[PDB]
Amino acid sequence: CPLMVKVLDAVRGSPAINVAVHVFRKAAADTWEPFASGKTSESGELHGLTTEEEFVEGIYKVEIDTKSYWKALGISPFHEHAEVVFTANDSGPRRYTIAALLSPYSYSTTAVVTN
């Protein structure tokens, strides 16, 4: 699993469940091509987005559909979504965990990159 996404809810103190996540890869024509997507599990995690073979170096974007999550909870949010844009770089074996902590008017995101 070279790429996983973990989302937490800072209002409820819980995993953020059933959040849609879309991953895009930047293409030569400077456009964003859909790459993978899914919904977070009961643990707020999304595994199995890609494989080591497919996840080559390049620029990627992870869009987390935060507005629809807060709307389901009946809480007015600020952002349309949270966008995490980064370059995947081969420098020995790597696993990328994109973590996001959500509040209605704020989010934080971190990358945990391990061997």
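Sequential numbering from 1, following the sequence displayed.
Per the entry, higher mean C-alpha B factor between 90 to 98 and 11 to 19: Result: 90 to 98.
Please compare 65 to 73 with 27 to 35 and name the stretch with the higher mean C-alpha B-factor in the deposited structure. In the deposited entry, the stretch with the higher C-alpha B-factor mean is 27 to 35.
Within this chain, which third does the Cα B-factor at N115 fall in: lowest, middle or highest? Its C-alpha B-factor belongs to the highest third of this chain's values.
Considering only modelled residues of the same chain, in which third does the CA B-factor of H81 rank: lowest, middle or highest? It belongs to the middle third of the chain when residues are ordered by C-alpha B-factor.
What third of its chain, lowest, middle or highest, does the C-alpha temperature factor of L3 fall into? According to the entry, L3 has a C-alpha B-factor in the chain's middle third.
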